[PDB]
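Structure first, commentary second.
Labels A, B, C, D, E, F, G and H are assigned to the chains in the order they are written; within every chain, residues are numbered from 1.
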Amino acid sequence: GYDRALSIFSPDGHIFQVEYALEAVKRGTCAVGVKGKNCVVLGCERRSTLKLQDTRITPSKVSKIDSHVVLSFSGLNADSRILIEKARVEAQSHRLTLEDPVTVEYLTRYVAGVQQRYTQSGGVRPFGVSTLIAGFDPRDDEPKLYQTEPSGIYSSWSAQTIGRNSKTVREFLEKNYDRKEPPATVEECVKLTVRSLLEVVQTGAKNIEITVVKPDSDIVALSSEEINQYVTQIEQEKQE
Amino acid sequence: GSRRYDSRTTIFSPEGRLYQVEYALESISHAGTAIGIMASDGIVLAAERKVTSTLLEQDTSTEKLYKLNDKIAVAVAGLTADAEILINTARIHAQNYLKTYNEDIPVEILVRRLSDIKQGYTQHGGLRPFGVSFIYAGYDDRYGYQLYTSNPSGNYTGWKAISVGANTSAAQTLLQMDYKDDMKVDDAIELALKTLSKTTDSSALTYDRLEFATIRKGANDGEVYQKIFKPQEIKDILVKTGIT
Amino acid sequence: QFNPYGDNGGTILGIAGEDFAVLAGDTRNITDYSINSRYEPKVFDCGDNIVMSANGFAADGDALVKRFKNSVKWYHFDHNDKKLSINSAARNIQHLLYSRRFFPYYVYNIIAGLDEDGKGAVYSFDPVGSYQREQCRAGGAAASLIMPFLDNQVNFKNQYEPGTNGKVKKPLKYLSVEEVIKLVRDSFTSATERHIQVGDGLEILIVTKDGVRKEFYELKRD
Amino acid sequence: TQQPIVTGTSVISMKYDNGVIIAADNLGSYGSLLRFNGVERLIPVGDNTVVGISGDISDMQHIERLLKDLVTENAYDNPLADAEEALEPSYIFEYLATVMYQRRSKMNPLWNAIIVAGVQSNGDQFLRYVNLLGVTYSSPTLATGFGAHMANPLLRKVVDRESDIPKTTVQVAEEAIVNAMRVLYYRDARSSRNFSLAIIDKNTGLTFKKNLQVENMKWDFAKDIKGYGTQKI
Amino acid sequence: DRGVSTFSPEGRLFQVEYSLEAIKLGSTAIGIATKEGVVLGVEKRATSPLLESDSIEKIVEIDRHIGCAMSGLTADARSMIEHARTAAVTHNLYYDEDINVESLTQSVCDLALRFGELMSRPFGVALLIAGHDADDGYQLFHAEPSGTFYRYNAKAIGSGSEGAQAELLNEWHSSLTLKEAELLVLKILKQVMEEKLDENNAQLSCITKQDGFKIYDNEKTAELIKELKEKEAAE
Amino acid sequence: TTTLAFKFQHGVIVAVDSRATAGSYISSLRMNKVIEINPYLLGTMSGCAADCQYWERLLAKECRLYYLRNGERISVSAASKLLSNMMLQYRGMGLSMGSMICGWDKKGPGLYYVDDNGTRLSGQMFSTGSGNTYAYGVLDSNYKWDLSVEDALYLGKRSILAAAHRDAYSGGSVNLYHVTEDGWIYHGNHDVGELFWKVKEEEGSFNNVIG
Amino acid sequence: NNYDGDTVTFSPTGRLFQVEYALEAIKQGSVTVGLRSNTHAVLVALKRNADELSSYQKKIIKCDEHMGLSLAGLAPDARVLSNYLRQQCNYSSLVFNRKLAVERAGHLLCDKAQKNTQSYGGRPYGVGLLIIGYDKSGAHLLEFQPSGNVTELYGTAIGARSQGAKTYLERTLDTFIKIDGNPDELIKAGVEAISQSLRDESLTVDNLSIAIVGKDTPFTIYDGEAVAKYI
Amino acid sequence: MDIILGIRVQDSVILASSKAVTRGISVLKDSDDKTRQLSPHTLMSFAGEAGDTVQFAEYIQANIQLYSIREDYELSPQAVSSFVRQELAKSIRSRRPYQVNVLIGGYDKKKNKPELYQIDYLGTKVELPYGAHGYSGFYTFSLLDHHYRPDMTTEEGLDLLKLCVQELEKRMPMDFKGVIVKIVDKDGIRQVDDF
């Protein structure tokens, strides 16, 4: 079998293949995650270079791993499918062996472990993908939001963004998001998520996707018109 | 040892691109243009054969349009030999699904499977990727008529109208201009041929330089029919639309 | 058809004292109605103040003891010459036995020594690996002859105090090493009389804080 | 799992003051057929060890080759192969015992009963038994098959325990062995008159005697025996 | 290119030496061993204020009597911790006892050089393994990706290591109490850290014979930080 | 053997005998048929002694690793399932094990029966071993949810006594346990010989027996 | 230069540079001395520390009751090779009821090291070993190099500044060989030999490591206050 | 385990399954639920060798749930039944086959029709208006042959089911401790708590 060590250390102590995988994430469309008091919202950019697209059947950016956990990403689209499939299999495997659905922290730790494994296994390259994993643990009303990256490190975030121009939207979130008082309602949480994407997106038409996840496996995706109403209200307040 | 001669096909560039995937796409850009157009009452697949000869046996020839099952077909752009490897895998996958669930395979599931195979060659194994881009035209009872494309990266996307191969930039602009959502198959047939006629590198578009196919609910009652056009039938539709 | 098992007879006895322990066993080795050897040692010093005897099918018994002695050696290598405690040896032996759950070591194993508090300890095993710490245990051919005698004379079972008539039990006073050896010798002398596979010789290994000592006694050779 | 085909019967042995004696007949039986009459079942290993084998002859020939190869392998990169690092009886026995027990544990045994007789470097007598089950034991007298039932009782009258070994000379021990071989010829239906005997002494070394015969046999009393009860003529 | 298990002309494995450079870029971790216990402390180093700092888990329990702190490519430590926990509990299964700290450390270090063309590269993380057993008492070990492990009275790893190690050189003595060690870790962490040390961006932990391995609460550490400030202002 | 376990208002009672047999020979008078997996988890043993000890001690390893990974105690449901999945690996290979996994977790007190076939059942009351029928008779007629800790301990003790008396392959002594939310509590070793005569006199039961 | 990328490549002059680079790792290692008489064999090792807070890296490893070695270079490689020796010593005992000859132990190490010098992908061992032992042909001392070369010697030394101790033993050859039935005097000669390789630092209580094996003496290691006698 | 029944009426599928679990000569449980929800509108009851039944059912459940998540779509009862049949047909020639018989009751939301599939351990699939496994059919099929209509209501289906259980309780030597009854219709799966 092909055993070639592709991910290796350089004289300065860097693993270039893992670092170049982060550059693939930088190229990917922007993804944002914001957790409110009783919910988490996942926002995603859709680049408008591709029109004549069939939005019914085109792979959505946010993916359900289980009925209570979702996963969005930035980076190589094909790579993300492999992580999502593995995550979905592990979620059912956990229910089957332990008789409880996975916690969001556990699912994140598994996906992060897969990414790490691909940084020190022979004949494979790292995943060019960073993920945002969000949801609610079974019988728990505390929101969960985690991030992973090609190296395999993961951590919990009050709010976070990844992908192209993520530096800008992170700048926005750092000054706008208050820890002492997070978005109390769904509206406030979605509004803040849309506002953050409007710093980068371009047009607020079909370029913004929003997915709201609430406790007890209550997950819904907002439509174009529903999002467009947020876009309208934000700019009308801005004209002042 | 052997390491000396390894090209390392599955690595990132400093910019975060996959070298071999990008170079495979460069190969595909020189291949004959293939177009897919989805209408409300069917799908059209049109494709241009590359600089043919008069001594080529056209009626028994197939380099662009292939049948995966009774409901799904593909247009090819790139290395034909590479495409046939994948096509036969897709045909088997469709039959496996039918044997397991006793239902025809949904279009997307077949597309995802093939795209996952392409993905694998970019991440592990140390082998060159498949130099192939597909346009998938198919029907199922969930989403109805569907157009997809996949490329050597293993990434796939859904489309109302799309082109692959040579002159896709020019072709996509022409399709974006004249395409409408309430369009019908007969109109889509005309759009596909008109787009090829303007984007072609050849002097004139003729029947012997084309492969054509439609997927219609224009079959007797609630069912779907695949029509791979014969040379004489391509000649007739070229006269009908007013190109020759 | 090939039968991979056999019966080499023999009988063993382990008794735990207050600050000592004994592991005794006869030295006769047999097949069917023949004597192979009148003196074939069956109880072994395995190091770290632990004695061991695997009674039953001698080939499996020798293999197990050999493997445990090896396990003690590698325990020193891997854990900085740390002394293998009797409880740790017992648990290790369980895993040696259960590694052959589906093709068992056909032996009844007993080990003896001192626990980490300096008190006498005996552990006893079945062929598949169930074990437990005991005060008194006879194993092998004449085990059923000896155990009841030990229940009576070591744990004072069914013995009460005269005058009370069954109301007050005989108190469980501790036994000295000299008293235990008397019970061991009488157990084997009695077993030799009524069991054909028992006889020839008796070898006893006594374990104290000072080390491992041996005592040998002749038995009837018929 | 197999069945033994061509077989060799008893191997008998005993310790004496300065060494050990071992003996075995030269017959290779094929069931009740006394098929092969020139079979050597005592196999010397160096000048300090004799391995006596009973049971399946095809497996004996295999063991014979393992021992021959063992000597070859021990000499490799060994300047002291004919001195301090020569093969000892205890090394040879433990090797065989390891092989026998492994083979029984794979349910494919070498269908034999083996006695390894020899003298160690320090002059100590070595005598140990091993068989198809991997069962091992040592005793002042050892015998396989019928020998265990008939020879041991006679040999144990000479050396009944360990303390009798220094009191037993080579002449007495050889006499006992030769008498035992006669008794086996009288009473073992799978035995022969012709046999081999080996003595390994710590002073005089290895003496290997071939083409020995059972002699001084009593048959004359047979003439007087008539019928099975009431018959007089 | 070149082999992964290649020796340099100086007699060192290139990859092992390069992994050590990655460890120098990692966040600071400090360990101090005393006769009353071993203290482990780490710099969390959050990349952003929105990152919930309590999810940064750079101090980890291996067994009740063994703890562990990490520095470098911390993702690489997860499989090492998993192996350590398995080794610790497996030995308890086989021998009905706690495993020696040295033996646990040796088991972790046996993974180190299992790389070639097994895993494709050495680990890019160093570990401070602290614990207690009956034979050798309170112990602190430094496990490297070279497969080598040294025992230490006190040790610092990470970006501010050589500066911290020089400070530990002067401060450590054989009669240190547990409380004194706690303040000493906090003092040196505060010295080498970029950002100002508080209960949210730094974490303490310890291992004692009685209570075993414990990670300190942010409320408990906050008091020790306040106690440190006052005693430094006292002279 | 005889083992039992039942849930009630104040947790779960666990009672077992201590006899071990090799044919008709009583090999052991006092064998521990309960395993202390952790301060809040217990496991009973019936069937092959070696199988019970090995696999339930291996379960404790796996339950312990759960705590280290998740920083939290494993549920009774999950622990019982790990064990049943172990049994399912050696499917038809000849293992003989019957155990009840007893404990307290976030759902409250938990009780699961698990055997060598892989069967895994949740329930209020279980009894395993050669004498389970005798124990069930006493349990079924005297069980309530509203039992006091003192009365519940006695019920499980008395139910084992019933089996120890009638079943030839049950006896020796009774080992009692009580599981609370603060953990399990050992309630001693009780010799059946002494316990029988005591219960006979105090209760008035076993009238047919002379003493 | 162009021929040092891997172990599978000879240079134009017939040299194996990866093996030579592995040999270099031994020279960087701390000094260790080996010597023997007709009755006993002794190892003396200068242990090295990382700093004042650190412990002193152990240099001597026991392989059997009658055999053991001292290391110089990559310590993990010594652990692998000593583990192999432990197994081989143990195979000889379990199968042949025979203590492994020291000479045969050297032949086995040679062959194990050699395989790593001829195959692609792997690497040579980066450690040197001094093996002592007492077998049926008396006391023995071996020197192992990761090139594969194993040599039987009266005395030797390997590691940094080992040339000084090696010269001393070459002068003392006739004296220390005759030290029969006197373990303390043989150790003294070893301690005096390793002292010729010291600069700046001297032999302290937690610095020095000694091991001995002989006629009626199992392989035992002396560390800590057990070697204060010889300082 | 023993008795599992199934009946397909006008607008729903009803499954009845015994509550008893026996081990040796003792009934360990009299409230056991011999069923698993494979999807919101598909229920599978099971009966066979001890241990194998639950392991197989949960394995099928996991696979269908995995499919549901992957495609964000519920498989038709027909598709699920075919998947289950293949797994059993695969199993029967294995080293150690899974000895499990199942009934799959589902409501097809596309066709707006209830569907009942009977599959035995060999992988023998049949679509039926009513079905059973083991000896259950011997007692009950004569009643079902007589009384069954395809236009029956759910309430009439339950009444005919009661009559079947009464006949079983009268003529079987086996005490199966009553049945748990579950209904599968357009609104999903629910349990009849009083039967």
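Assume a contact is a pair of C-beta atoms (placed from the backbone, for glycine too) under 8 Å apart; a residue touches a chain by one contact, two chains touch by 3 or more.
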Taking each chain's C-alpha mean as its centre, the one farthest from chain G: H
Pair joined by more contacting C-beta pairs (A-E or A-H): A-E
Rounded Å distance between chain F and chain G, as computed from the means of their C-alpha atoms: 58
Mean-CA-position distance for chain G and chain D (Å): 47
Approximate Å spacing (C-alpha centroids) for the pair chain F, chain H: 34
Separation of mean Cα positions, chain C and chain B [Å, integer]: 80
Where chain B touches two or more other chains, by residue: 3
Sites on chain G at which at least two other chains make contact: 6, 94, 121
Shared-contact residues (touching 2 or more other chains) in chain A: 4, 6, 123
Chain B-touching residues of chain A, taken from the complex the two chains share: 2, 4, 6, 16-17, 20-27, 50-59, 76-79, 81-82, 118, 123-128
For the chain A and chain H complex, residues of the former touching the latter: 64-67, 85, 88-89, 91-93, 95-96
Sites on chain F touched by chain H in the complex: 84, 87-88, 91-92, 98, 113, 115, 117-121, 123, 126-127, 132-133, 136
In the complex with chain A, residue positions of chain E that touch it: 4, 15, 18-25, 48-52, 54-56, 73-76, 78-79, 115, 117-124
Residue ranges of chain A touching chain F (in the complex, touch as defined): 97-100, 106
